[PDB]
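Let me begin by presenting the structure, written as structure tokens, before commenting on it.
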Amino acid sequence: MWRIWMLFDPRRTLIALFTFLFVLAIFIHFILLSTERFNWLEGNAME
Amino acid sequence: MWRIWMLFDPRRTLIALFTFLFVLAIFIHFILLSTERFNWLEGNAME
Amino acid sequence: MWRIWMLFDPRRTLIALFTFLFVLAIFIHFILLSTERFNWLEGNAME
Amino acid sequence: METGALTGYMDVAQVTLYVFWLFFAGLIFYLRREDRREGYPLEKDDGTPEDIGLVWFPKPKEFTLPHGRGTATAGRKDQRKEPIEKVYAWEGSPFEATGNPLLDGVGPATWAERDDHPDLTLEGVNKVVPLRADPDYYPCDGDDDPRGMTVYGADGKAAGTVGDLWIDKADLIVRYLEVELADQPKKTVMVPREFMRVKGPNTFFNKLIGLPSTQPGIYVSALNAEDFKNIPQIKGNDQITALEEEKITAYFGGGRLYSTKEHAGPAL
Amino acid sequence: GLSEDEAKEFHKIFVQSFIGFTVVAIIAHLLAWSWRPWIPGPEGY
Amino acid sequence: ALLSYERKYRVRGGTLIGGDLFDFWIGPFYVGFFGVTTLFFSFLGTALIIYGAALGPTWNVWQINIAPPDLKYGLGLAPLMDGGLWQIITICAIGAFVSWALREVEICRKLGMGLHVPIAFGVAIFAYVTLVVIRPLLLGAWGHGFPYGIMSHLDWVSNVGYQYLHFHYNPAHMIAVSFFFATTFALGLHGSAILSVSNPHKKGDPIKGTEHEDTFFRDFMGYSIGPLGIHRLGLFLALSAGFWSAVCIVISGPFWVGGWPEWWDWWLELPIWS
Amino acid sequence: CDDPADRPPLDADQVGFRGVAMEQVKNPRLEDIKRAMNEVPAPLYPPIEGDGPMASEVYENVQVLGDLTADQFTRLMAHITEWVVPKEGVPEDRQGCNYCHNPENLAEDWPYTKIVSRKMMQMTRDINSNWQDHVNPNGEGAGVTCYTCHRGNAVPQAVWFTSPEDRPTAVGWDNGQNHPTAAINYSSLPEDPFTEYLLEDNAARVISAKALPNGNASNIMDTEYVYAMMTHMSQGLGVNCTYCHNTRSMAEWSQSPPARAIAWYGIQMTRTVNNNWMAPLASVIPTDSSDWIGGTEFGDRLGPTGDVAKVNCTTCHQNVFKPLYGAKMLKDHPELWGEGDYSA
Amino acid sequence: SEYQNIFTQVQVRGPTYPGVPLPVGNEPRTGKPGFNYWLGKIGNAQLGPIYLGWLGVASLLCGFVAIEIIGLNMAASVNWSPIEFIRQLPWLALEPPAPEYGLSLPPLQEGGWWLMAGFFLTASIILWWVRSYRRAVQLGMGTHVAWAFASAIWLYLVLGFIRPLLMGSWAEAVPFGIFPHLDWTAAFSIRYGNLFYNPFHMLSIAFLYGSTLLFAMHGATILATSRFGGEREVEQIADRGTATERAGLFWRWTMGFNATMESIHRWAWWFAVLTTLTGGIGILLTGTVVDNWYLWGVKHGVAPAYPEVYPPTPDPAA
Ligand code: BCL
Ligand SMILES: CC[C@H]1c2cc3[nH]c4c(c3C)C(=O)[C@H](C(=O)OC)c4c3nc(cc4[nH]c(cc(n2)[C@@H]1C)c(C(C)=O)c4C)[C@@H](C)[C@@H]3CCC(=O)OC/C=C(\C)CCC[C@H](C)CCC[C@H](C)CCCC(C)C
Ligand SMILES: CC[C@H]1c2cc3[nH]c4c(c3C)C(=O)[C@H](C(=O)OC)c4c3nc(cc4[nH]c(cc(n2)[C@@H]1C)c(C(C)=O)c4C)[C@@H](C)[C@@H]3CCC(=O)OC/C=C(\C)CCC[C@H](C)CCC[C@H](C)CCCC(C)C
Ligand SMILES: COC(C)(C)C/C=C/C(C)=C/C=C/C(C)=C/C=C/C(C)=C/C=C\C=C(C)\C=C\C=C(C)\C=C\C=C(C)\C=C\CC(C)(C)OC
Ligand code: HEC
Ligand code: HEC
Ligand code: HEC
Ligand code: HEM
Ligand SMILES: [Mg+2]
Ligand SMILES: [Mg+2]
């Protein structure tokens with residue numbers, strides 16, 4: 001599995017991976033803020 | 001089936017496959033969110 | 001029929017065929033999702 | 001006060017509009033200054049300079065050229081003696097050539113004093129070269145190869161045959177046609193691409209349908225076949241200088257007025 | 001431009017990680033089915 | 001009076017009409033025969049517009065309105081104060097615009113240039129005559145032309161647009177707007193590209209050639225059309241914007257009377273998804 | 001393009017000042033078809049203006065036609081049969097004037113149509129009396145009969161139901177718009193401006209009264225509802241926006257043609273009939289959809305939400321600036337004049 | 001019949017140009033450049049290579065997320081029917097948030113998706129802008145593209161972000177749809193009293209007309225002088241030739257004044273950017289500081305008064 005860096009540049013992959021992870025993290029945080037139950041700022045009552 | 005890598009370049013195949021897999025995963029999650037039964041964030045009752 | 005690969009390049013044919021099959025499969029799944037009877041996620045009653 | 005109001009009648013939108021009018025007036029004034037970087041100061045019909053002031057005429061713009069060619073100054077004054085005479089004495093009168101305007105570089109045949117050095121690519125080699133000096137470049141398949149076709153003048157008379165193609169390395173396009181003259185005093189002549197029309201079986205409506213060309217060749221409506229011999233000659237081989245480019249293209253530009261005379265005189 | 005030895009080695013890693021992806025997905029689908037099955041039936045849930 | 005390089009080009013010939021008699025300059029302007037006719041039609045049209053402004057209710061520049069005749073006058077000439085003045089000015093405008101184009105032809109011939117500019121201006125003239133002649137002719141009344149006023153013809157555009165309840169849904173208008181948006185987008189890119197190479201980021205840097213121009217757009221958007229292509233495409237987009245504008249207004253009324261969104265029911269009612 | 005196609009020659013009427021482009025260009029060939037479609041059927045026989053026994057005395061179950069002479073009562077029965085009962089596709093037991101009646105005894109309100117017809121009798125006379133500001137603008141209006149909004153059909157061809165509320169979904173929210181709808185010209189405008197303005201009392205006004213901002217809470221989304229409503233009004237009358245507006249000054253009533261004022265009364269009158277006459281019918285019209293005369297062949301009597309088919313401007317303008325091109329059909333039927341005068 | 005320089009008659013083929021060597025600190029260019037015959041008919045035949053650095057991949061990913069949110073929501077609006085998706089595609093949209101939520105974060109049911117798509121589309125556009133800046137600097141060229149791009153972003157930002165921020169409602173913003181955003185455009189003018197009377201809308205149109213006019217002039221002028229090498233504009237700027245002289249003289253003799261080869265592109269640059277610059281200001285003014293543009297026009301003596309062909313209609317609602 002270490003051979004994955006034989007095919008892909010470790011620097012370029014890390015840039016692409018970090019960009020993907022932050023975009024996904026922002027996407028998921030944004031989706032939760034767009035829900036009634038999981039908006040920790042609005043604080044709607046459970047159930 | 002190892003001969004598929006004599007035809008397909010492993011690098012661009014992996015880039016295409018990973019981009020392919022993420023789009024399909026995003027599609028299915030979006031489709032489930034659009035339904036009443038499988039929207040886990042909203043959590044409608046069953047039956 | 002084995003001589004079609006002397007005319008069709010196996011790499012480009014497989015790429016076009018695999019892409020075509022996935023697009024068709026998504027097309028058919030989406031068509032069924034739109035129908036009332038075959039929407040397996042909505043679960044409309046039969047008959 | 002109303003939310004947008006300023007002085008009862010004045011409002012924010014009105015003063016914002018006037019702020020732009022000030023900026024636009026300054027921008028037009030700035031743009032007109034840039035327009036005066038070439039062709040100024042103005043001169044009278046006899047050559048006497050006109051007064052430009054200082055708020056309009058900007059300081060000379062100095063472009064540093066690549067390839068160690070030095071620096072270039074906008075507003076270069078051409079030094080060649082003008083072989084023209086004013087037809088009338090009043091200002092605004094046309095000028096008449098005191099000789100042959102086609103060869104003297106006057107009117108539509110006028111050429112500027114461009115650099116006497118060939119244009120170079122970023123790598124540093126000549127930009128415009130004949131196809132004989134670089135086999136790495138070839139005419140594209142699907143386009144008729146001018147090499148071999150006979151070149152016809154404006155009067156329909158044959159003027160020569162294409163001997164080579166001069167191409168631009170930066171932009172993969174034919175720049176000039178090297179034409180071996182049918183009439184000989186091997187004298188070759190340069191025909192710019194924009195002054196010629198290719199009429200082969202691969203141009204369009206002929207490759208699409210499959211029709212052969214009835215009379216394939218290179219057609220030049222700018223000059224008659226007799227005037228092809230006087231097209232300015234390039235000093236060297238496999239290299240064309242920017243000044244030589246200007247003189248060849250200026251000679252063709254004046255052909256419609258001085259060679260074929262179809263623009264000479266009113267239509268009706 | 002892959003030689004036969006490297007093609008086999010890529011396929012061996014490709015197959016193993018494909019199984020790992022599929023096995024994790026299989027577990028995810030088993031958990032999803034135990035949560036809410038997605039095949040309606042004649043009555044439709 | 002002359003640019004430093006202008007004297008050699010101020011030669012005789014290239015005219016279409018008049019030949020020698022009108023072949024001269026007044027300051028920077030070349031006159032020619034069509035320059036005289038341009039001045040004649042421009043002065044006459046401007047004087048009649050100012051006369052209509054004087055006889056109008058106000059001297060306000062935005063509010064001056066030379067309206068066309070009533071629709072009841074049809075294709076005939078109305079009284080001057082009842083839209084006839086607009087009809088005369090329209091003829092003067094067409095005479096001035098065509099003379100201006102033909103004047104540009106003479107200047108093009110005198111300089112050895114191609115006729116691209118007068119032809120491109122012809123598209124602009126075609127749009128005007130579509131608005132002021134062709135569409136009124138197809139509708140059967142000169143009163144369908146737009147009025148000659150800075151703000152009054154904007155009211156005309158609004159009312160014609162809402163004569164079809166949604167002018168955005170006009171298919172040719174959709175094409176024409178995209179071309180107008182495309183040519184401005186291309187113009188901004190092209191002006192930026194030429195300025196970027198002639199004005200490098202670091203002051204007093206070597207000037208960049210066509211290789212840098214191509215490389216930037218290949219680096220940026222993956223394709224560079226080249227110095228020749230951008231002027232071909234830019235002229236094409238600008239002329240397509242002018243041409244499809246004429247099409248969009250000429251089909252509104254003469255060839256379509258209902259709401260423009262109605263027209264799209266052909267697409268919705270296609271037998272493949274009816 | 002349309003049948004007949006839009007091409008020269010064309011007709012154009014100018015409503016505003018010259019050059020303001022306040023005009024309507026329409027197809028003369030399509031106009032000829034519309035004029036043929038909007039031809040008023042001739043009355044069966046002239047009105048019985050003479051006196052006689054009252055309808056309430058001869059017949060026992062008369063609630064709304066109590067002021068009618070027995071001869072006038074019979075004349076109205078014959079005409080409404082021609083106006084409402086279609087002579088094509090009706091079940092055998094509801095043909096002729098048995099559509100609203102039990103043949104054995106006519107005093108029985110067995111079919112729901114008779115109870116509905118009673119409500120429409122009051123609604124038609126209420127329109128002709130209390131809404132003359134629209135249908136009789138200055139004493140010379142055409143008025144309204146049953147044929148005006150029915151045109152020989154059991155159910156008017158132009159009706160509207162309240163749009164059912166979309167299921168609350170996390171993905172795919174459309175906000176009641178973003179789909180091509182024929183009622184609003186196949187645009188993406190809100191599909192249901194009718195309930196907003198023709199059911200509840202909402203003024204279709206969004207434009208501020210002063211140049212600078214003030215207490216105007218109207219947002220862009222609710223002008224799209226006004227736009228959708230005005231698209232229907234223009235489409236339902238076969239006119240354009242300039243028929244009622246100088247669109248450069250759209251809110252300015254001083255620059256609007258007088259047709260706008262009449263159209264305003266049409267909005268008030270259409271809202272009133274939808275609330276006072278159409279909506280209460282839900283308790284009368286059977287919901288089984290098999291008890292409807294002819295089933296669903298004549299059209300849906302109820303909507304997805306169970307609401308009654310309500311009245312549009314298109315309901316009985318039917319793409320004409322005036323119903324039946326302003327033909328005075330009500331003048332020949334004094335029985336449907338409640339309190340207004342429609343003679344001559 | 002002479003050659004009009006509309007289509008390249010003879011294309012030549014050779015080695016593909018990989019671009020000028022980028023300085024250290026830049027990613028390698030991606031793709032294998034190839035020649036397209038039909039593209040070479042009008043301009044350069046070479047397609048690619050492209051530069052995909054961190055900004056390029058980040059902008060592509062952010063733009064992909066925004067497009068997916070829009071596309072999947074429009075697909076969900078037609079019940080995931082691909083037939084209805086294609087048929088109704090111009091009519092579908094990702095609707096902006098409901099007005100009841102103001103500037104607060106809306107749920108997915110009532111416009112939460114629009115805010116995410118707008119956020120990721122804005123991030124994609126912003127990352128594309130700095131990429132436009134960076135690609136110019138790395139080549140040593142001036143950053144004229146980035147600042148012309150910033151003007152376009154300025155109007156985009158005020159349309160969907162800045163004006164809704166000033167109005168305190170995301171509902172004021174533009175739907176992500178083809179026809180619905182035309183409906184929003186029409187409704188915007190209707191709501192605020194005939195945006196024709198917005199003076200900055202007038203200015204934006206004058207520059208939009210002028211930009212189209214300028215490219216019609218400039219494109220035709222360069223094509224008419226390309227026979228003298230007019231298309232090689234940067235070479236003409238550094239070393240003026242007869243093509244520049246003829247181009248300037250044609251316009252000097254026509255309208256009495258002219259530009260240079262460099263300064264015409266300054267006219268081109270400014271007319272284009274002023275279209276969105278004036279337009280963005282005009283959009284920012286309406287609703288915040290002017291609420292009825294026609295009434296603003298009558299207040300400032302802009303709106304013409306027309307003779308009454310009918311008596312003024314009293315408002316029946318008192
Ligand atoms: C009934 C309709 C109204 C009207 C309502 C409006 C409204 C509302 C607006 C305009 C605007 C304008 N109007 Mg107007 N307008 C009217 C009539 C006209 C008429 C005419 C002859 O009738 C003309 C010529 C115009 C022309 C114009 C332009 C001058 C101006 C748009 C500039 C521009 O190019 O931005 C277009 C470019 C952009 C908006 C974005 C720029 C680039 C961005 C960054 C693109 C990003 C691409 C992205 C990454 C792609 C992926 C996206 C995803 C796939 C989703 N209008 C009438 C009066 N008009 C705009 C303006 O600013 O005016 C003040 C504006 O907001
Ligand atoms: C078709 C592509 C675009 C285009 C192209 C184009 N326009 C051109 C050219 C070209 C190629 C020229 O060569 C020519 C020129 O000389 O440019 C400087 C020109 C030109 N385009 C001009 C304007 C112009 N172009 C416009 C549009 C466009 N032009 C298109 C978008 C517009 C718009 C949309 O509003 C305008 C206002 C001029 C600056 C110029 C033509 C000058 C001309 O015709 O000169 C002779 C006439 C006069 C000097 C005055 C005549 C006055 C009349 C006798 C009376 C007034 C009549 C008029 C109808 C009044 C209307 C008033 C109301 C509308 C307020
Ligand atoms: C001066 C004002 C004018 C102007 C100027 C202007 N526009 C500009 C610029 C300039 C100067 C640029 O430099 C910039 C540009 O890039 O130009 C080439 C741009 C631009 N103007 C654009 C559009 C545009 N401009 C417009 C208008 C205008 N632009 C004005 C008229 C308009 C209109 C009228 O609405 C539009 C639509 C773009 C072409 C571009 C900016 C593009 C951008 O920011 O993109 C960011 C990245 C993305 C959104 C990527 C999304 C697409 C990907 C393909 C996603 C998918 C990834 C992956 C392939 C998924 C695979 C999935 C499959 C496996 C299933
Ligand atoms: C596999 O892929 C499939 C689904 C095919 C994908 C295909 C998708 C398709 C076909 C998509 C089609 C998309 C279309 C047609 C889109 C049309 C878009 C149009 C015409 C848009 C026009 C105008 C829109 C504008 C001007 C929107 C502007 C929005 C802005 C500026 C939003 C800004 C939002 C921000 C900055 C959000 C910030 C987040 C905050 C700060 C609020 O967080 C609290
Ligand atoms: C049927 C019961 C009607 C409905 C529903 C609506 N209208 Fe009407 N309208 C109706 C009649 C019989 C008449 C004729 C009155 C007359 O002058 O003879 C009208 C008239 C109008 C007009 C005036 C037309 C003109 O040229 O002046 C307008 C503008 C009008 N109606 C508009 C209108 C609108 C917008 C409606 C829906 C909200 C509407 N009407 C409903 C009968 C009926
Ligand atoms: C337009 C304003 C109308 C006038 C005038 C009259 N009617 Fe009507 N009617 C109208 C509508 C929109 C509907 C549909 C209501 C529904 O739920 O479908 C009706 C319906 C009827 C019916 C019922 C038809 C059926 O269900 O089979 C009848 C019997 C009927 N209308 C009769 C009727 C008569 C006799 C009228 C003149 C006095 C009359 N209607 C006027 C709209 C309008
Ligand atoms: C007559 C039949 C009309 C036609 C055709 C159109 N409109 Fe209208 N509009 C009409 C009336 C009577 C009213 C007043 C509504 C009320 O309840 O008071 C309106 C109102 C509008 C408005 C709102 C005006 C305001 O003060 O905010 C707008 C924006 C509007 N109308 C636009 C409009 C458009 C775009 C039309 C063409 C498609 C259109 N209207 C047609 C009457 C009539
Ligand atoms: C030619 C066929 C018809 C005849 C002969 C006829 C005859 C009559 C008679 C005699 C009555 C009075 C019944 C009584 O109270 O004793 C009556 C009432 C009534 N008819 Fe008709 N009718 C006919 C068609 C219709 C139609 C088609 C409708 C529906 C559109 C209709 C609607 C009514 C209504 C609503 C009443 C009750 C009147 C009231 O309550 O004021 N009739 N009809
Ligand atoms: Mg819905
Ligand atoms: Mg909308």
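Lettering and numbering for the structure tokens are positional, with chains as A, B, ... in the shown order, residues counted from 1 in each chain, and ligands counted from 1 in the shown order.
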
Against chain E, which residues of chain C fall within 10 Å? For each one I want the closest pair of atoms and the distance in Å (one decimal), counting only C-alpha atoms, rows by chain and increasing residue number, as a Markdown table.
```
| residue | atom | partner | partner_atom | distance |
| --- | --- | --- | --- | --- |
| C:37 | CA | E:44 | CA | 9.7 |
| C:38 | CA | E:40 | CA | 9.6 |
| C:39 | CA | E:40 | CA | 8.9 |
| C:40 | CA | E:39 | CA | 5.8 |
| C:41 | CA | E:38 | CA | 5.9 |
| C:42 | CA | E:40 | CA | 8.0 |
| C:43 | CA | E:44 | CA | 4.4 |
| C:44 | CA | E:44 | CA | 5.0 |
| C:45 | CA | E:44 | CA | 4.4 |
| C:46 | CA | E:42 | CA | 5.1 |
| C:47 | CA | E:42 | CA | 8.1 |
```

Next item on the list: With a cut-off of 12 Å and counting only C-alpha atoms, select all residues of chain A in contact with chain H and give the selection as a PyMOL selection string.
Entry: chain A and resi 9+11-24+26-42

Restricting the output to N, CA, C and O atoms, write the selected residues as a short mmCIF file (atom, residue, chain, number, x, y, z; two decimals), in the first residue's frame.
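Written output follows (part38.cif):
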```cif
data_model
loop_
_atom_site.label_atom_id
_atom_site.label_comp_id
_atom_site.auth_asym_id
_atom_site.auth_seq_id
_atom_site.Cartn_x
_atom_site.Cartn_y
_atom_site.Cartn_z
N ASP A 9 2.08 11.82 -6.72
CA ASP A 9 3.02 12.70 -6.04
C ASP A 9 2.54 12.96 -4.62
O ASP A 9 1.41 13.43 -4.43
N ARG A 11 3.22 15.30 -2.49
CA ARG A 11 2.89 16.70 -2.24
C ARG A 11 1.56 17.07 -2.89
O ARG A 11 0.68 17.66 -2.25
N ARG A 12 1.40 16.73 -4.18
CA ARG A 12 0.19 17.11 -4.89
C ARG A 12 -1.03 16.39 -4.33
O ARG A 12 -2.12 16.97 -4.25
N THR A 13 -0.86 15.13 -3.93
CA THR A 13 -1.97 14.40 -3.32
C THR A 13 -2.37 15.02 -1.98
O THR A 13 -3.56 15.11 -1.67
N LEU A 14 -1.39 15.43 -1.18
CA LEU A 14 -1.69 16.03 0.12
C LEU A 14 -2.45 17.34 -0.04
O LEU A 14 -3.38 17.63 0.72
N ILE A 15 -2.06 18.15 -1.03
CA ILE A 15 -2.82 19.37 -1.34
C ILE A 15 -4.24 19.03 -1.74
O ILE A 15 -5.21 19.64 -1.26
N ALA A 16 -4.40 18.05 -2.64
CA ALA A 16 -5.74 17.66 -3.07
C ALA A 16 -6.54 17.06 -1.92
O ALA A 16 -7.74 17.33 -1.79
N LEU A 17 -5.89 16.25 -1.09
CA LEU A 17 -6.59 15.62 0.03
C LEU A 17 -7.02 16.64 1.07
O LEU A 17 -8.16 16.60 1.56
N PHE A 18 -6.14 17.58 1.42
CA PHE A 18 -6.49 18.59 2.42
C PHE A 18 -7.59 19.51 1.91
O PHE A 18 -8.47 19.91 2.67
N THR A 19 -7.54 19.87 0.62
CA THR A 19 -8.61 20.66 0.03
C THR A 19 -9.93 19.91 0.09
O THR A 19 -10.97 20.48 0.44
N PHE A 20 -9.91 18.62 -0.24
CA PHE A 20 -11.13 17.82 -0.20
C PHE A 20 -11.68 17.71 1.22
O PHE A 20 -12.89 17.83 1.43
N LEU A 21 -10.81 17.46 2.20
CA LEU A 21 -11.27 17.26 3.57
C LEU A 21 -11.90 18.53 4.13
O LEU A 21 -12.92 18.46 4.82
N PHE A 22 -11.30 19.69 3.87
CA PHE A 22 -11.87 20.94 4.37
C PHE A 22 -13.19 21.26 3.70
O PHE A 22 -14.13 21.72 4.35
N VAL A 23 -13.28 21.04 2.38
CA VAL A 23 -14.53 21.30 1.67
C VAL A 23 -15.63 20.39 2.19
O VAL A 23 -16.76 20.82 2.41
N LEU A 24 -15.31 19.11 2.39
CA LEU A 24 -16.29 18.18 2.94
C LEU A 24 -16.68 18.56 4.37
O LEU A 24 -17.86 18.49 4.73
N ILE A 26 -16.61 21.58 5.75
CA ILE A 26 -17.47 22.75 5.65
C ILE A 26 -18.85 22.35 5.14
O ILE A 26 -19.88 22.83 5.62
N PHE A 27 -18.89 21.45 4.16
CA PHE A 27 -20.16 20.98 3.61
C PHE A 27 -21.01 20.32 4.68
O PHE A 27 -22.21 20.59 4.79
N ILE A 28 -20.41 19.45 5.49
CA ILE A 28 -21.17 18.73 6.51
C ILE A 28 -21.58 19.67 7.64
O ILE A 28 -22.72 19.61 8.13
N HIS A 29 -20.68 20.55 8.08
CA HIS A 29 -21.06 21.55 9.08
C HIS A 29 -22.20 22.42 8.56
O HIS A 29 -23.14 22.73 9.31
N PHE A 30 -22.13 22.82 7.30
CA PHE A 30 -23.19 23.65 6.71
C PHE A 30 -24.51 22.90 6.66
O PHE A 30 -25.57 23.48 6.95
N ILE A 31 -24.48 21.61 6.30
CA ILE A 31 -25.71 20.82 6.22
C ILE A 31 -26.35 20.71 7.59
O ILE A 31 -27.57 20.85 7.73
N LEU A 32 -25.55 20.45 8.63
CA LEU A 32 -26.09 20.34 9.98
C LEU A 32 -26.71 21.65 10.43
O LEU A 32 -27.76 21.65 11.08
N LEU A 33 -26.07 22.77 10.11
CA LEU A 33 -26.65 24.08 10.42
C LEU A 33 -27.94 24.33 9.66
O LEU A 33 -28.73 25.19 10.06
N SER A 34 -28.18 23.60 8.57
CA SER A 34 -29.41 23.69 7.81
C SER A 34 -30.44 22.65 8.25
O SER A 34 -31.36 22.34 7.48
N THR A 35 -30.29 22.08 9.44
CA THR A 35 -31.24 21.14 10.00
C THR A 35 -31.81 21.70 11.30
O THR A 35 -31.15 22.47 12.00
N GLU A 36 -33.04 21.30 11.61
CA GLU A 36 -33.66 21.73 12.86
C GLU A 36 -32.99 21.07 14.06
O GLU A 36 -32.74 21.72 15.07
N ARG A 37 -32.70 19.77 13.95
CA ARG A 37 -32.22 19.02 15.11
C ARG A 37 -30.76 19.33 15.43
O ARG A 37 -30.39 19.46 16.60
N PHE A 38 -29.93 19.47 14.40
CA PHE A 38 -28.48 19.51 14.59
C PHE A 38 -27.89 20.91 14.48
O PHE A 38 -26.67 21.05 14.45
N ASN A 39 -28.73 21.95 14.43
CA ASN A 39 -28.23 23.32 14.46
C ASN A 39 -27.90 23.65 15.91
O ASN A 39 -28.78 24.02 16.69
N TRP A 40 -26.62 23.52 16.27
CA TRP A 40 -26.20 23.78 17.64
C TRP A 40 -26.27 25.26 18.00
O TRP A 40 -26.22 25.60 19.19
N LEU A 41 -26.38 26.14 17.01
CA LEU A 41 -26.50 27.57 17.30
C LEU A 41 -27.95 27.97 17.53
O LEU A 41 -28.24 28.73 18.46
N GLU A 42 -28.86 27.48 16.69
CA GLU A 42 -30.28 27.75 16.91
C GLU A 42 -30.77 27.09 18.19
O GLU A 42 -31.55 27.68 18.94
#
```

Next item on the list: Can you tell me which residues come within 9 Å of ligand 4 when counting only C-alpha atoms and all ligand atoms, ideally as an MDAnalysis selection string?
Entry: (chainID A and resid 30) or (chainID B and resid 23:24 27) or (chainID H and resid 64 66:75 85:86 89:94 96 103:105 114:123 153 155:162 165 170 173:182)

Next item on the list: For CA of residue 82 (chain H) and atom 49 (C, counted along the ligand's line) of ligand 1, determine how far apart the two atoms are, in Å to one decimal place.
Entry: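 A separation of 24.2 Å between them.
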
Note to self: Quick one: residues within 9 Å of residue 126 (chain F), only C-alpha atoms, excluding same-chain residues fewer than 6 positions away - as a PyMOL selection string?
What the structure shows: chain F and resi 242-243+246

Written selection (N, CA and C atoms) as a JSON list (two decimals), in the first residue's frame:
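What ended up in part-v1.json:
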```json
[["chain", "number", "residue", "atom", "x", "y", "z"],
["F", 242, "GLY", "N", -25.63, 42.09, -32.69],
["F", 242, "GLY", "CA", -26.43, 43.01, -33.48],
["F", 242, "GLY", "C", -27.45, 42.31, -34.36],
["F", 243, "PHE", "N", -27.03, 41.21, -34.99],
["F", 243, "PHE", "CA", -27.93, 40.50, -35.90],
["F", 243, "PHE", "C", -29.09, 39.86, -35.15],
["F", 246, "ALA", "N", -31.79, 42.23, -34.07],
["F", 246, "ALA", "CA", -32.75, 42.52, -35.13],
["F", 246, "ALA", "C", -33.76, 41.39, -35.28]]
```

Check: What's the 7 Å shell around region 2-19 of chain E, counting only C-alpha atoms, without same-chain residues fewer than 3 positions away, as a PyMOL selection string?
Finding: (chain A and resi 1) or (chain B and resi 2-3+5-6) or (chain E and resi 22-23)

Checklist line | Contacts of ligand 8, 10 Å or closer, only C-alpha atoms and all ligand atoms, given as an NGL selection string | finding: :G and (55-68 or 70 or 73-86 or 94-103 or 105-109 or 111-122 or 146 or 154)

Skipping near chain neighbours, those fewer than 5 positions away, what residues fall within 9 Å of residue 52 (chain D) using only C-alpha atoms, listed as a PDB file with N, CA and C atoms, in the first residue's frame?
```
ATOM      1  N   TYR D  40       1.854  62.032 -32.062  1.00  0.00           N
ATOM      2  CA  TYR D  40       1.924  63.372 -31.511  1.00  0.00           C
ATOM      3  C   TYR D  40       3.373  63.744 -31.212  1.00  0.00           C
ATOM      4  N   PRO D  41       3.716  65.043 -31.233  1.00  0.00           N
ATOM      5  CA  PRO D  41       2.860  66.220 -31.468  1.00  0.00           C
ATOM      6  C   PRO D  41       2.371  66.328 -32.908  1.00  0.00           C
ATOM      7  N   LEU D  42       1.206  66.934 -33.111  1.00  0.00           N
ATOM      8  CA  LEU D  42       0.695  67.141 -34.457  1.00  0.00           C
ATOM      9  C   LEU D  42       1.587  68.113 -35.218  1.00  0.00           C
ATOM     10  N   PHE D  57      -0.334  65.801 -23.563  1.00  0.00           N
ATOM     11  CA  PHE D  57       0.729  64.952 -24.084  1.00  0.00           C
ATOM     12  C   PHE D  57       1.466  64.284 -22.930  1.00  0.00           C
TER      13      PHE D  57
END
```

Check: Counting only C-alpha atoms, which residues from chain F have an atom at most 6 Å from any atom of chain H, and could you show them as a ChimeraX atom specification?
Finding: /F:28-30,62-63,113-114,116-117,183-184,187-188,191-192,196-197,199-201,215,218-219,222-223,225-229,231,234-235,238
